[PDB]
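Visitor: Have a look at the structure that comes next, please.
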Amino acid sequence: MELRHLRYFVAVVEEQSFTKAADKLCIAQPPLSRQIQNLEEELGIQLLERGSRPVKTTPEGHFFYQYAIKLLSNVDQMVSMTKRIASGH
Amino acid sequence: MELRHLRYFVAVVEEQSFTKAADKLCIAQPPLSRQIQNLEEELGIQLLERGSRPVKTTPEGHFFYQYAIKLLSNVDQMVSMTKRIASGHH
DNA sequence: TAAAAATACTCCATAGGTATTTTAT
DNA sequence: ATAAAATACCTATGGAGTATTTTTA
């Protein structure tokens, strides 16, 4: 598990398309699709419904998404706050 | 950045040695150093002091450090709960 | 001075790309 | 029929290794 997997996962959910996700992320659709499989096979959990356009989360997906964005958000504050402090000497 | 960078950094700080943390993480010391460099380099900050046997954080480090340990703990939480749901136990 | 951290490469595992097929409209 | 996702294969960036040179206690 890396932030990469989350950020990728989040892009899929928000955008409801590996394609549109892959565009926004500036990578191709397959490698994206593989990183999602990887995430899932690592958790042994199915995060996205297979067999439907648009692309929708499973109950577990939705739970995970919720903690994903909150957790990515927290990384971003962690970095900001840290930079402000590097101006104290 | 990535969780690898955090976990590594945390390891380092906890051991107060790159060398001790290296094999703690089952990797070599030199790559470790580089990862920690890139981290500081990406943030454009100095998270560790520029030289001390008992290697210790800067202020920026300490803050990051504690926050890091909270985030990694978050990732664990996230995984446990999802797992917990997936397993069929609410 | 003798430990521990930093270079200077080498190697390879794997994230990312290309071509094609399969599935779901 | 036709676009998007899945599958297979290939490439190449950077994570990890070995040998070696700085460091600072």
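In the structure tokens, the first chain shown is A, the next is B, and so on; residue numbers restart at 1 for each chain, and ligands run from 1 in the order shown.
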Chain B residues within 12 Å of chain A, counting only C-alpha atoms: which ones, as a tab-separated table (two decimals) with N, CA, C and O atoms, in the first residue's frame?
Guide:
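Here's the written file iface32.tsv:
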```
chain	number	residue	atom	x	y	z
B	1	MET	N	4.69	12.49	-2.46
B	1	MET	CA	5.53	11.48	-1.76
B	1	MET	C	4.73	10.20	-1.52
B	1	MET	O	3.66	10.00	-2.10
B	2	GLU	N	5.23	9.34	-0.62
B	2	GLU	CA	4.74	7.99	-0.49
B	2	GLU	C	4.84	7.50	0.95
B	2	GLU	O	5.58	8.08	1.74
B	3	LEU	N	4.13	6.42	1.26
B	3	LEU	CA	4.21	5.84	2.59
B	3	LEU	C	5.59	5.26	2.85
B	3	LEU	O	6.09	5.28	3.97
B	4	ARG	N	6.23	4.73	1.82
B	4	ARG	CA	7.57	4.23	1.98
B	4	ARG	C	8.43	5.30	2.68
B	4	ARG	O	9.08	5.01	3.68
B	5	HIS	N	8.39	6.54	2.17
B	5	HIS	CA	9.21	7.63	2.72
B	5	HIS	C	8.95	7.89	4.17
B	5	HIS	O	9.87	8.14	4.94
B	6	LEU	N	7.68	7.84	4.55
B	6	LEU	CA	7.29	8.02	5.94
B	6	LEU	C	7.83	6.89	6.79
B	6	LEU	O	8.61	7.13	7.71
B	7	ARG	N	7.43	5.66	6.48
B	7	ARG	CA	7.81	4.49	7.26
B	7	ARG	C	9.31	4.46	7.51
B	7	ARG	O	9.77	4.29	8.63
B	39	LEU	N	13.22	12.65	0.29
B	39	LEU	CA	12.09	13.14	1.07
B	39	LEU	C	12.28	14.61	1.42
B	39	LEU	O	11.43	15.45	1.16
B	40	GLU	N	13.43	14.90	2.03
B	40	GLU	CA	13.78	16.25	2.43
B	40	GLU	C	13.87	17.13	1.19
B	40	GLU	O	13.49	18.29	1.19
B	42	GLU	N	12.21	16.68	-1.67
B	42	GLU	CA	10.88	16.91	-2.24
B	42	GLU	C	10.13	17.99	-1.49
B	42	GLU	O	9.51	18.87	-2.09
B	43	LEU	N	10.18	17.90	-0.16
B	43	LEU	CA	9.67	18.94	0.72
B	43	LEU	C	10.51	20.21	0.66
B	43	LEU	O	10.05	21.28	1.01
B	44	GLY	N	11.77	20.07	0.25
B	44	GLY	CA	12.69	21.20	0.28
B	44	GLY	C	12.86	21.69	1.70
B	44	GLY	O	12.82	22.88	1.96
B	45	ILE	N	13.02	20.75	2.62
B	45	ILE	CA	13.16	21.04	4.04
B	45	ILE	C	14.33	20.21	4.55
B	45	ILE	O	14.79	19.31	3.84
B	46	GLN	N	14.83	20.52	5.74
B	46	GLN	CA	15.79	19.66	6.41
B	46	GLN	C	15.12	19.02	7.63
B	46	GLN	O	14.92	19.67	8.65
B	47	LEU	N	14.77	17.75	7.52
B	47	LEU	CA	14.06	17.04	8.60
B	47	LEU	C	14.97	16.46	9.66
B	47	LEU	O	14.54	16.26	10.79
B	48	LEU	N	16.22	16.20	9.30
B	48	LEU	CA	17.23	15.74	10.25
B	48	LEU	C	18.43	16.67	10.31
B	48	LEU	O	18.77	17.32	9.32
B	58	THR	N	15.34	17.78	13.36
B	58	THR	CA	15.18	19.21	13.56
B	58	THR	C	13.79	19.41	14.14
B	58	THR	O	13.02	18.47	14.26
B	59	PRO	N	13.46	20.65	14.51
B	59	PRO	CA	12.07	20.98	14.84
B	59	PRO	C	11.07	20.51	13.78
B	59	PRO	O	10.12	19.80	14.10
B	60	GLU	N	11.30	20.90	12.52
B	60	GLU	CA	10.44	20.50	11.41
B	60	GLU	C	10.29	19.00	11.41
B	60	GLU	O	9.21	18.48	11.17
B	61	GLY	N	11.41	18.31	11.65
B	61	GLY	CA	11.42	16.85	11.77
B	61	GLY	C	10.44	16.38	12.81
B	61	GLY	O	9.46	15.72	12.49
B	62	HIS	N	10.69	16.76	14.06
B	62	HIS	CA	9.85	16.36	15.20
B	62	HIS	C	8.38	16.46	14.93
B	62	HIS	O	7.62	15.54	15.26
B	63	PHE	N	7.97	17.57	14.34
B	63	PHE	CA	6.56	17.77	14.05
B	63	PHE	C	6.10	16.74	13.01
B	63	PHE	O	5.18	15.94	13.26
B	64	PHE	N	6.76	16.77	11.86
B	64	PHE	CA	6.54	15.78	10.81
B	64	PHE	C	6.50	14.40	11.43
B	64	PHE	O	5.52	13.68	11.29
B	65	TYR	N	7.56	14.06	12.15
B	65	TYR	CA	7.70	12.75	12.73
B	65	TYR	C	6.41	12.34	13.43
B	65	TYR	O	5.76	11.38	13.02
B	66	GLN	N	6.02	13.09	14.45
B	66	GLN	CA	4.81	12.75	15.19
B	66	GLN	C	3.58	12.63	14.28
B	66	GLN	O	2.80	11.68	14.37
B	67	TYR	N	3.42	13.58	13.37
B	67	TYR	CA	2.31	13.53	12.46
B	67	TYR	C	2.43	12.27	11.60
B	67	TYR	O	1.45	11.56	11.41
B	68	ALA	N	3.62	11.96	11.12
B	68	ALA	CA	3.83	10.74	10.32
B	68	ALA	C	3.30	9.51	11.03
B	68	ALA	O	2.54	8.70	10.48
B	69	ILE	N	3.70	9.39	12.28
B	69	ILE	CA	3.32	8.24	13.05
B	69	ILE	C	1.79	8.18	13.21
B	69	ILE	O	1.23	7.10	13.29
B	70	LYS	N	1.12	9.33	13.19
B	70	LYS	CA	-0.34	9.36	13.26
B	70	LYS	C	-0.99	8.91	11.95
B	70	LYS	O	-2.04	8.26	11.95
B	71	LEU	N	-0.35	9.26	10.84
B	71	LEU	CA	-0.87	8.91	9.52
B	71	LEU	C	-0.69	7.45	9.24
B	71	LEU	O	-1.56	6.82	8.64
B	72	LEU	N	0.44	6.90	9.64
B	72	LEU	CA	0.69	5.50	9.34
B	72	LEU	C	-0.29	4.66	10.17
B	72	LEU	O	-0.92	3.72	9.68
B	73	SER	N	-0.45	5.04	11.42
B	73	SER	CA	-1.50	4.53	12.25
B	73	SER	C	-2.88	4.67	11.57
B	73	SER	O	-3.65	3.71	11.53
B	74	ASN	N	-3.21	5.83	11.01
B	74	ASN	CA	-4.46	5.95	10.22
B	74	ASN	C	-4.58	4.85	9.16
B	74	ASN	O	-5.63	4.24	9.01
B	75	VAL	N	-3.50	4.60	8.41
B	75	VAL	CA	-3.58	3.63	7.32
B	75	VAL	C	-3.90	2.25	7.87
B	75	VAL	O	-4.72	1.53	7.32
B	76	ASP	N	-3.25	1.90	8.97
B	76	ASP	CA	-3.59	0.67	9.64
B	76	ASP	C	-5.09	0.66	9.98
B	76	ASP	O	-5.81	-0.20	9.51
B	77	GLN	N	-5.56	1.63	10.75
B	77	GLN	CA	-7.00	1.74	11.09
B	77	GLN	C	-7.91	1.47	9.89
B	77	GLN	O	-8.77	0.60	9.94
B	78	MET	N	-7.71	2.26	8.83
B	78	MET	CA	-8.42	2.13	7.56
B	78	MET	C	-8.50	0.66	7.10
B	78	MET	O	-9.57	0.13	6.77
B	79	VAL	N	-7.35	0.00	7.12
B	79	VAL	CA	-7.26	-1.35	6.60
B	79	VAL	C	-8.01	-2.34	7.51
B	79	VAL	O	-8.77	-3.17	7.04
B	80	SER	N	-7.78	-2.23	8.82
B	80	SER	CA	-8.47	-3.06	9.80
B	80	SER	C	-9.98	-2.95	9.68
B	80	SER	O	-10.67	-3.97	9.66
B	81	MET	N	-10.50	-1.74	9.60
B	81	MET	CA	-11.94	-1.59	9.53
B	81	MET	C	-12.48	-2.15	8.22
B	81	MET	O	-13.50	-2.85	8.20
B	82	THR	N	-11.81	-1.87	7.12
B	82	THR	CA	-12.32	-2.35	5.85
B	82	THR	C	-12.30	-3.87	5.89
B	82	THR	O	-13.32	-4.51	5.67
B	83	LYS	N	-11.15	-4.42	6.22
B	83	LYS	CA	-11.03	-5.86	6.49
B	83	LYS	C	-12.17	-6.34	7.36
B	83	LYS	O	-12.88	-7.26	7.01
B	84	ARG	N	-12.34	-5.69	8.51
B	84	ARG	CA	-13.39	-6.07	9.45
B	84	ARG	C	-14.74	-6.12	8.74
B	84	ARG	O	-15.47	-7.09	8.87
B	85	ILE	N	-15.06	-5.11	7.94
B	85	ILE	CA	-16.33	-5.13	7.21
B	85	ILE	C	-16.36	-6.29	6.23
B	85	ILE	O	-17.25	-7.13	6.26
B	86	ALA	N	-15.36	-6.32	5.35
B	86	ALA	CA	-15.22	-7.39	4.37
B	86	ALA	C	-15.41	-8.78	4.97
B	86	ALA	O	-16.06	-9.62	4.36
B	87	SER	N	-14.85	-9.03	6.15
B	87	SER	CA	-14.93	-10.35	6.79
B	87	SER	C	-16.35	-10.73	7.20
B	87	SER	O	-16.61	-11.89	7.49
B	88	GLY	N	-17.25	-9.76	7.23
B	88	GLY	CA	-18.64	-10.00	7.61
B	88	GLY	C	-18.85	-9.83	9.10
B	88	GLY	O	-19.69	-10.52	9.67
B	90	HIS	N	-19.44	-6.54	10.78
B	90	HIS	CA	-19.86	-5.14	11.01
B	90	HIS	C	-18.70	-4.18	10.94
B	90	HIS	O	-18.83	-2.98	11.20
```
Visitor: Counting only C-alpha atoms (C1' of nucleotides), which residues of chain C sit at most 9 Å from some atom of chain B, and what is each one's closest atom pair with its distance in Å to one decimal, listed by chain and rising residue number, as a Markdown table?
Guide:
```
| residue | atom | partner | partner_atom | distance |
| --- | --- | --- | --- | --- |
| C:3 | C1' | B:53 | CA | 8.8 |
| C:4 | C1' | B:53 | CA | 7.0 |
| C:5 | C1' | B:18 | CA | 7.6 |
| C:6 | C1' | B:33 | CA | 7.9 |
```
Visitor: With only C-alpha atoms (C1' of nucleotides) as the basis for distance, which of C:15, C:1, C:20, C:8 is at the shortest distance from chain A?
Guide: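 Of the candidates, the smallest distance to chain A is held by C:15.
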Visitor: Report as a CSV table (one decimal) with N, CA, C and O atoms (P, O5', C5', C4', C3', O3' and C1' of nucleotides), in the first residue's frame the set of chain D residues whose atoms approach chain A to within 8 Å, with distances computed over only C-alpha atoms (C1' of nucleotides).
Guide:
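The resulting file, out26.csv, is reproduced below:
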```
chain,number,residue,atom,x,y,z
D,4,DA,P,-14.9,6.1,-23.8
D,4,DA,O5',-15.0,5.4,-22.4
D,4,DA,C5',-16.1,4.6,-22.0
D,4,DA,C4',-15.7,3.3,-21.3
D,4,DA,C3',-14.4,3.4,-20.5
D,4,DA,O3',-14.7,2.7,-19.3
D,4,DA,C1',-14.3,1.6,-22.0
D,5,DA,P,-13.7,2.7,-18.1
D,5,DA,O5',-13.3,1.2,-17.9
D,5,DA,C5',-14.2,0.3,-17.5
D,5,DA,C4',-13.7,-1.1,-17.6
D,5,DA,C3',-12.4,-1.4,-16.8
D,5,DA,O3',-12.6,-2.5,-16.0
D,5,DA,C1',-12.0,-2.0,-19.1
D,6,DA,P,-11.3,-3.3,-15.3
D,6,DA,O5',-11.0,-4.4,-16.5
D,6,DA,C5',-11.9,-5.4,-16.8
D,6,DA,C4',-11.2,-6.5,-17.6
D,6,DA,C3',-10.0,-7.1,-16.9
D,6,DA,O3',-10.0,-8.5,-17.2
D,6,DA,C1',-9.3,-6.1,-19.0
```
Visitor: Kindly determine which residues of chain C lie within 10 Å of chain A, considering only C-alpha atoms (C1' of nucleotides), and give the answer as a PyMOL selection string.
Guide: chain C and resi 15-18+23-25
